[PDB]
Structure formats: C-alpha cells, structure tokens
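Here is the structure we will look at.
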Amino acid sequence: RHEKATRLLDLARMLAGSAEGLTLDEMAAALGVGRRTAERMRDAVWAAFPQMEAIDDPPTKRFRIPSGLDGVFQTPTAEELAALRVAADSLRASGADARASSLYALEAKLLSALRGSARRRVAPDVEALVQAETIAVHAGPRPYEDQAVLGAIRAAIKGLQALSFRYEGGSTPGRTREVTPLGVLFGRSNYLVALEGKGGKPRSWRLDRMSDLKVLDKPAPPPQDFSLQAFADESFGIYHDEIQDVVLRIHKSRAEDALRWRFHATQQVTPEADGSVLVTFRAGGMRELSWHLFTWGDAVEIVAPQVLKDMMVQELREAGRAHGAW
Amino acid sequence: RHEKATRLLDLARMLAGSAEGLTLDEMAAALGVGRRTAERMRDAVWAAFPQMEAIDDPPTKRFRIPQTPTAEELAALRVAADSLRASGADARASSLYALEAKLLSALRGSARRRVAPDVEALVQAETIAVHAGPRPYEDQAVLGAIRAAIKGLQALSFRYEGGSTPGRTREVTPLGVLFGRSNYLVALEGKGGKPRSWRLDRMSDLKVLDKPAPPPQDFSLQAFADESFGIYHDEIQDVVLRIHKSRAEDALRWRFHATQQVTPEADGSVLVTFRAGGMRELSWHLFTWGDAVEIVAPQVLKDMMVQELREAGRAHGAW
DNA sequence: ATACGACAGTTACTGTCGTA
DNA sequence: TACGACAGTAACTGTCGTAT
C-alpha cells in the first residue's frame, strides 16, 4: 500500500535533520504510532539506511541519520513549495514584509538547490496551487515589521546584551528606557516582551513606538527557566490582567460549533448532558474577551467570573448609548 | 518484520537509478515478487512521487524518476509551522514541517549541527498570538480531491450536510479554497453568475468526476475574498465610517478592507471609506471600537449593529 | 501489450507481554 | 531497550480475467 510507507519515509526525514537524535518517544510522538511498531520502523529504517546511528542519552537511546537520505526524498514536492509561498504571501499581504522576506529567501535558495532542468517542470503547478488557495485577513493594526527594528532585537537577545530604546505611551511617554529583551510577540500590533532593569514583572511594549535603537554593550541574560510561549498564554490575547478562571454556558443553539471552537490554550470543553456546553479556561485580558463575547450574540451567558458581567455590560452601555440601543 | 514499507522504498531507489526506464517485465524479476504486485508498486510510488514519469517505447511501458539557509530562515519557517499547528490547521502545518525536514536532511553535518543549536534560541525568542475561532477542518483527504479537481480541471460531486438542501450529492465547479473562520470552498453552483461559498465542515463523500469542469479564464479568488468583509457574501454596501478623534492612530494604521481608503480630518476625527458586505461580521469588529465610531453609511450597518447589540443587551440585563 | 478488477487464501498490520 | 508471540483482523498475493 501506499499510506503505510509514506509515514515511514517521513520518519526517516524527521531523523535525517535532528542532528542530535529524537528519542523513540520523540520520534514516535510526531506519529502517535506506538512503541513496538516504532521499533519495527527503527529496523525498517535500518534495513533502509544501515548508516543510521544510535547514540546514548541515558536513560534513553536517541537515533539519528548522519549522512542524508537519497535525493529522491530530499527534493521538495509540489504542495510543499506551494504552501511555503501561500504563507509567505500571506505575510506580504499582512504588512509583515520582514517575516515574509525570510521565507521568500528560503524559497529562492530552495529552488536553486533544485536542479535547473527539474525546476521548470513543476514550476507552473506551484503557481496554479498558490492561486487556488487564499488565507483570510482579519482587521487589525498594521504590523510594525521593520527589519532595522528587528535586527537589533534578534541580536540583543542573541549575545544576551541589554537594550535601551525610546518608547511612547503609558504613564511616562518619551523615556528612552533600558530593558531586558526576552523576545517578540506578533499580535494585533507587534509587541516586545521585556523587563526594566531588575525587579517586577515582564512589561509589554508595542514595536510601533521604537526609536533610538542601539545594541547596548552591557550583557544581561534572562531567567533561564523562562519560555516566551508560556508568558504568551497568560492572557486571552494581549492585555495582561489578573489571570482569571472563566466558565461559560453555551446554548444548544451553538452546541456543535462550541465543541470545535478554540477559546484559549487552556480550554475545558465538556458538554452538559441537557444540550448546553460549559467551557472553562484561565487567562487575563477580560475586555478583549467581551469583544469575542459579542460574536456569540445571545447564545452564551457569562456565568463566572462576575467581573465579566461588569466588563460586558460596561461595553454594552459604552457602545449602546453611542449607537441607539438604550 | 515490517516488510511492506521497506521493500517498497527500494523500488524508488531504482526508479532513480534508471534515467531511461524499467518495465514491469523487468521490475517483477528484480524484486522476485511477481507481476500483479509489481503493478501495485508503481501506483504506490505515483501517489508518493507524481514526479515518476512513464517513458513509453511501444508497445511496453518504462518508468523512471527525475541550499544552506540562514538560521533566520529556518526559525521563521519553524515559527510559521508552529502557529499553524497551534491553530488546528493540520494540513498546512504538516507541509511546512515536512519542508523543514527535507532541507535539514540535505545539509552537511558540521553546518547542520553548527546552526541546529541556533534555531531554537530564536524559536523561543518569538511566538505568534493565536486567535479565537473554530478549528479549520483540514483533513488531507477532503482537500485532496479538491486539489485533484483543480489540477485536472475536473468537477467535484459531493454530499453536503447543510444549506436548506442537505442530504444528497450535488456537482459544482471546484474554484477555490478560502481559509477563514472555518475553511471554505468557493464554487459556482452551475456555471455563470457569482460564486457561492461552502463550509468544508459539511462536505463528505466527495468524488472527482471524469467530466472536466473548466473555470472561467478571468476569476480571482482574492477578489471574491475581498467581496465580503470577512466571510459571508452579502450585497456589497458602500461602507462609510467616522472614527472619533482618539483612535486615529490605530485606525490610520488599521486594515479594515483591501478596498479601503483612510481619509484624515481637521476637526479631529477620521473618515473611513471601504466597500464590501458582511454586515454582521463588521458590526462585530465595530463593537471592538466602543464609542469612538459613528456609523454614517449605509443604513443597514446601523441596523445590524443595534440588532446584534440589544440582542445581547436584554440578554445580559444591561438594558 | 499493459491497466484493471473480483475473489479465496495468506501473511503482514496493531497493541500488549514477556525475558537477557 | 532490544526483542518474540499471541491470536485478532485487515491488507497483501497471485490465478484469472476483462478492457483498447
């Protein structure tokens, strides 16, 4: 059959580039195949590539392939070249010209490394596909994706040196302040997560207001424990508040849409027996949450926390008087 | 054991050795498996490697098959695929990850291991703020027909579980796929006129038809995408907003529509022209401005607004 | 020629369980 | 771990034809 051998030669790919070895669990997690069949694939890949090295990492053996597969399995396929540029174009069409420029550069190198003769062959079908699909563009402020602002910032955190720049807003606009670069979070605007000097909690800043950029030659590292994605998932979006358990009651009117809906990274989607759906999660940013609570109209009732009652009826009198409801 | 997967790759190993073509009458001997199964191996590789060509010397067949980027590139490709896997977009992620693999594979060691520790320094110095909305229903298979029928220019007979006529199959011209709230297939019910959009959630028991259905020479999927602000294609109203003086900054650098024009003021406000339908979806986006917005044109925007406002207004005791 | 199917019969497909 | 084995059960196999 075909389906069975596809997933094998894809695992051979997963090991051909790890360069440290993804252990049997880390090699069979991207497949969810199972233990013993994963080891059977280990021998099928050895019976495919007897140069595949096993290396220890007690308490486990990590496996890698050091010398590349056959070129048959390395030169990319149509849908993958296509899906690279549909996303790179999506960035170009979301004002994110730098994030795109990098992926475009990839595509260029990815095609000159294809033998010229074969490129012309499946150059067109790529274009057919990229035309055929399109990604939505929801409405949200233009991303402040300037390379010079991102050249200093992907390098301040590289040498782990500090950085001082001029920002506008907050309680004190204009203060050219020095901070601890952690990483950039791409969102509605573009935001940089960083910390002032020492002491406190990592504040928020919008790239749109960055001038006087220098790579402050005064090294300063972060708290080693900290992954930026963890700080990301704190809030329901951007605004960082006192993190809040929330629980929502969805009518049956929108039951089966609530099942496949995605509120937060910490969802608790278990259905009431009587048709409703109760959803609990935990994050800050309770106003942006009310904004998403418009989308459901009369199909959800804020049950807890009762701070959402305040924020919701707040924004329904804030946009209700200015429109002509009450 | 596990023979089926390993004995097959050794077929593509010779389809890359030939460059002139091997026939079933040969391959069935160079594998010792027999002809009727050799006739299935070709189909298998053709499903993996459409690059396999069939040089035909009458009256038999023959068969043959025909970098070093910056950390920045790799980390950006990675973070993209991750923001895909974090959205439920399984089909579009699975491919960006595969593309990272196939070029990591083709890198020499002392460099592929020299910049392997550098990728993740970046991959955790950025992460993308995934947004609330349904999981895009992307199953490799129920988009696989659609790609075949767009390449082969064929038609797509598919059952549909929604839209006032659910239960039986119906033919359309496969025109495009718009990835949005959910995932969408825009098609022409019949031919001529304007396109109607179908949610992929409710399309199953598809089949590509050997009755090739050609699309018009002059259709633009991005245009139709713009035709409705957001998703559902209402009438195209000429939309006209005024944003109060405060949120000019984000308005001036906002992106309401692809056919939008941001005209500033003198009194303090900002004037907004654009043109597309979707009154509900836009009343939603205008809730996220509060009271800095005065709807001018059309009149149905005001209505859809007050409709979907007091619907929650009496629902949440705020009125 | 090859594509291509139906149809008994077989022997790999899982997951689970054992010892050196 | 690197390893078989258990049936338990769906796919793999090859005789046999149809189909230009």
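Identifiers in this document derive from the order of the structure tokens: chains are assigned A, B, ..., residues are numbered from 1 separately in each chain, and ligands are numbered from 1 in order of occurrence.
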
Would you pick out the contacts of residue 17 of chain D at 10 Å or less, using only C-alpha atoms (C1' of nucleotides), so that residues sharing its chain but fewer than 6 positions from it are not included, and give the list as a PyMOL selection string? chain C and resi 4-6

Restricting it to N, CA and C atoms (P, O5', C5', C4', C3', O3' and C1' of nucleotides), dump the selection as a compact mmCIF listing (two decimals), in the first residue's frame.
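Dumped to out_21.txt:
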```txt
# COMPACT_ATOMS: atom_id res chain seq x y z
P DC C 4 -5.60 2.06 -14.11
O5' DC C 4 -6.50 0.79 -13.73
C5' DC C 4 -7.52 0.35 -14.62
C4' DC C 4 -8.07 -1.00 -14.21
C3' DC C 4 -8.06 -1.28 -12.71
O3' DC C 4 -9.26 -0.82 -12.13
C1' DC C 4 -7.61 -3.23 -14.07
P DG C 5 -9.43 -0.79 -10.53
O5' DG C 5 -10.20 -2.15 -10.20
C5' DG C 5 -11.57 -2.27 -10.54
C4' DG C 5 -11.93 -3.71 -10.86
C3' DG C 5 -12.20 -4.58 -9.65
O3' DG C 5 -13.56 -4.48 -9.28
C1' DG C 5 -10.94 -5.74 -11.36
P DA C 6 -14.01 -4.83 -7.79
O5' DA C 6 -14.27 -6.41 -7.83
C5' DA C 6 -15.10 -6.96 -8.84
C4' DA C 6 -15.09 -8.48 -8.79
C3' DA C 6 -15.32 -9.09 -7.41
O3' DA C 6 -16.19 -10.20 -7.53
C1' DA C 6 -13.35 -9.95 -8.33
```

Residues of chain D within 10 Å of chain A, only C-alpha atoms (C1' of nucleotides) counted, as a PyMOL selection string: chain D and resi 1-3+11-12

Quick check for you: according to DSSP on this backbone, which residues of segment 183-242 of chain A are classed as helix (DSSP H, G or I)? Reply as a PyMOL selection string. chain A and resi 207-209+228-232

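Considering only C-alpha atoms (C1' of nucleotides), the residue among B:8, B:62, B:164, B:16 positioned nearest to chain C is B:62.
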
Among segment 69-283 of chain B, which ones does DSSP place in strand (DSSP E), written as a VMD selection string? chain B and resid 126 to 128 133 to 134 155 to 160 169 to 179 183 to 188 196 to 199 203 to 209 238 to 243 261 to 264 270 to 275

Find the spatial neighbours of segment 97-112 of chain A, counting only C-alpha atoms (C1' of nucleotides), within a cut-off of 6 Å - ignore same-chain residues fewer than 6 positions away - and output them as a ChimeraX atom specification. /A:88,91,147 /B:67,73

May I have the residues of chain B within 9 Å of chain C, counting only C-alpha atoms (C1' of nucleotides), written as a PyMOL selection string? chain B and resi 1-4+39+58-61

Put those residues in a file: C-alpha atoms, as a compact mmCIF listing (two decimals), in the first residue's frame.
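Contents of again-v5.txt, freshly written:
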```txt
# COMPACT_ATOMS: atom_id res chain seq x y z
CA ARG B 1 9.15 -7.92 10.17
CA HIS B 2 7.60 -4.74 8.73
CA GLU B 3 8.38 -5.67 5.12
CA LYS B 4 5.69 -3.77 3.19
CA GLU B 39 1.70 -3.46 -10.90
CA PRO B 58 5.74 0.79 -27.97
CA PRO B 59 4.17 -1.37 -27.03
CA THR B 60 5.56 -1.65 -23.48
CA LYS B 61 5.94 0.90 -20.68
```

Check every residue of chain B for an atom within 10 Å of chain D, counting only C-alpha atoms (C1' of nucleotides), and provide those that qualify as number ranges by chain. B: 4, 33-37

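Closest approach to residue 196 of chain B among B:148, B:258, B:208, B:225: B:225, based on only C-alpha atoms.
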
Tell me which of B:154, B:283, B:173, B:269 sits closest to chain A, counting only C-alpha atoms. B:283

Which residues of chain A are close to chain C, meaning at most 9 Å apart when you count only C-alpha atoms (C1' of nucleotides), and how do they look as a ChimeraX atom specification? /A:34-37

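Rounded to one decimal, atom CA of residue 64 of chain B and atom CA of residue 7 of chain B lie 17.5 Å from each other.
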
Identify which of the residues A:232, A:184, A:96, A:84 lies closest to residue 129 of chain A, counting only C-alpha atoms when measuring atom-to-atom distances.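 Among A:232, A:184, A:96, A:84, it is A:84 that comes nearest to residue 129 of chain A.
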
To one decimal in Å, tell me the separation between atom CA of residue 86 of chain A and atom CA of residue 79 of chain B.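 We find that atom CA of residue 86 of chain A and atom CA of residue 79 of chain B lie 15.3 Å from each other.
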
Residues near residue 216 of chain B, anyone? I mean within 10 Å using only C-alpha atoms (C1' of nucleotides), not counting same-chain ones fewer than 6 positions away, as a PDB file with N, CA and C atoms, in the first residue's frame.
```pdb
ATOM      1  N   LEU B 175     -13.610  25.826  -7.479  1.00  0.00           N
ATOM      2  CA  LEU B 175     -12.974  27.085  -7.840  1.00  0.00           C
ATOM      3  C   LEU B 175     -11.845  27.467  -6.900  1.00  0.00           C
ATOM      4  N   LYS B 191     -22.953  27.294 -13.474  1.00  0.00           N
ATOM      5  CA  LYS B 191     -21.878  27.991 -14.166  1.00  0.00           C
ATOM      6  C   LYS B 191     -22.405  29.319 -14.681  1.00  0.00           C
ATOM      7  N   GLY B 192     -21.597  30.364 -14.534  1.00  0.00           N
ATOM      8  CA  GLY B 192     -22.047  31.719 -14.762  1.00  0.00           C
ATOM      9  C   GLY B 192     -22.590  32.351 -13.493  1.00  0.00           C
TER      10      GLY B 192
END
```

Contacts of residue 193 of chain B at 12 Å or less, counting only C-alpha atoms (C1' of nucleotides), minus same-chain residues fewer than 5 places along, as a ChimeraX atom specification? /B:187-188,216,219

Between A:124, A:305, A:285, A:66, which is the closest to chain B once you count only C-alpha atoms? A:66

Leaving out residue 62 of chain A and any residue of its chain fewer than 4 positions from it, which residues lie within 10 Å of it when counting only C-alpha atoms (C1' of nucleotides), given as a PyMOL selection string? chain A and resi 15+20-27+53-58

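We find atom CA of residue 197 of chain A and atom CA of residue 177 of chain A to be spaced 9.1 Å apart.
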
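Proximity ranking of B:250, B:267, B:235, B:201 relative to chain A places B:250 first, based on only C-alpha atoms.
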